[PDB]
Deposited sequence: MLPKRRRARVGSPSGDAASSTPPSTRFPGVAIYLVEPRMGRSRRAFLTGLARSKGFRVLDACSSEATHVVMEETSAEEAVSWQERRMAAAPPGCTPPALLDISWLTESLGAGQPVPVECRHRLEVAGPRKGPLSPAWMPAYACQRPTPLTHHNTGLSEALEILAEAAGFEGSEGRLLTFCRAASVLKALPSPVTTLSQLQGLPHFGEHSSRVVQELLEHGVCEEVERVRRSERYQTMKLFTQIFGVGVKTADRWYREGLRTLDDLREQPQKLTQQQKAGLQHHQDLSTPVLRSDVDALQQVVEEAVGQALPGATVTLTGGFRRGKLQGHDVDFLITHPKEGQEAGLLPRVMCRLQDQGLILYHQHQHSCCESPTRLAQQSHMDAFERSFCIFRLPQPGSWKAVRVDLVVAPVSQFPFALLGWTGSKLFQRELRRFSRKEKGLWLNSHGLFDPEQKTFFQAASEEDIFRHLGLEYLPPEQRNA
């Protein structure tokens, strides 16, 4: 199928080297402001992730969506020689390495990274030498960069889920906490931990994060937090937690999002990802079904009505798609 939401995409697969190479080119395209090329290379990579066995010959690419001349050439060289010269050229280029370093800082996007690169900056120390030019978010991302570069593990997730569950339960009787993001899709490692919070009585979830954050801050667990007030915007908090470790601690990015229970299935679907799965699903909804999907709902612009969903299964059914559990959304 042409859309990633039409096919199961497991976390581990049979074309790891080929997908890795295409995702290098996708990332590099993004660094150069070519978001169309990034999307195609990402889609091509995801098609290989969905295949039931390894690609060993070029003919297997015939008929595969999103494989044109460029993506096919990359696979051809990897099959024939074990490397793709274009990919290796990107890997060792100063532009790619610096843009990857900068864009992985919390608070730095492609545009900021590119400006810093054009200004001649190249290292984290170059950034630190002019703290007056950094936002508070970027200061926090640099302050904690080493820890934030360290993979978050399942044991960290379990520990953070307990402290968030404890704080949410202290802030609002009856509130629930659901692990979302990459760990819900079965990832064993990740860049952060994402939690979705709700309450079974519509409206009772309002005003929750300030209470949650105060209780976390009084335990000394919050190194950074950025709160966004709240339906078409959820209350959200992008945090850096201080996570205890044997004899020490490490900083961990944690995202908290609160949804009213009426919108919980849409929030869970959106925050579970993957990012490409989400994009593909929303593209499918609009272009194939004429319905507008976001993290709050599913809108019929002809009838001018929102679909009330009680589950992710409801949403897949309303879109005419076979249900995919989170572990098969690893597009």
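Do you know which deposited regions have no coordinates at all?
Gaps in the modelled chain, taken against the deposited sequence, lie at 1-138, 369-381.
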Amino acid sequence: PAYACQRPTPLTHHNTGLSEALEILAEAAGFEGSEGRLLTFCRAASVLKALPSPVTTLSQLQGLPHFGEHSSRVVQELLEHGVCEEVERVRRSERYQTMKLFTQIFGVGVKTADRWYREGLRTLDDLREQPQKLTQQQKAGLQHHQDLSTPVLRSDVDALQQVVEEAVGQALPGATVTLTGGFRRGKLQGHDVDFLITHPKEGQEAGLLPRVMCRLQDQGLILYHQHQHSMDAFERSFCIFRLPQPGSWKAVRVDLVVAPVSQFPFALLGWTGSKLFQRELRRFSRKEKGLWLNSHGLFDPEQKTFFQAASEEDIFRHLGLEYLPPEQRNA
From here on, numbers count along this sequence of modelled residues.
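Are coordinates for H229 absent from at least a third of the other PDB entries that model its neighbours?
Missing in at least a third of the others, so yes.
Out of 72-80 and 183-191, which one has CA B-factors that are higher on average in the deposited record?
Stretch with the greater average CA B-factor: 72-80.
Going by the mean C-alpha B-factor recorded in the entry, which is higher: 304-312 or 15-23?
Here the higher of the two C-alpha B-factor means belongs to 304-312.
Which one of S59, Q278, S295, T40 shows the top CA temperature factor in the record?
When the deposited C-alpha B-factors of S59, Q278, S295, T40 are compared, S59 is largest.
Between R236, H144, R242, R122, let me know which has the highest C-alpha B-factor in the entry?
Among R236, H144, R242, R122, the highest C-alpha B-factor in the entry belongs to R122.
Could you say whether, by C-alpha temperature factor, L51 belongs to the lowest, middle or highest third of its chain?
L51: CA B-factor falls in the lowest third of its chain.
Is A331 in the lowest, middle or highest third of its chain when residues are ranked by C-alpha B-factor?
Middle third by C-alpha B-factor.
By the recorded C-alpha temperature factor, relative to the other modelled residues in its chain, which third is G290 in?
It falls in the middle third of the chain.
Where does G270 sit by CA temperature factor within its chain: lowest, middle or highest third?
Lowest third, going by the recorded CA B-factors of the chain.
Split into thirds by Cα B-factor across the chain's modelled residues, where does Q161 land: lowest, middle or highest?
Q161: CA B-factor falls in the middle third of its chain.
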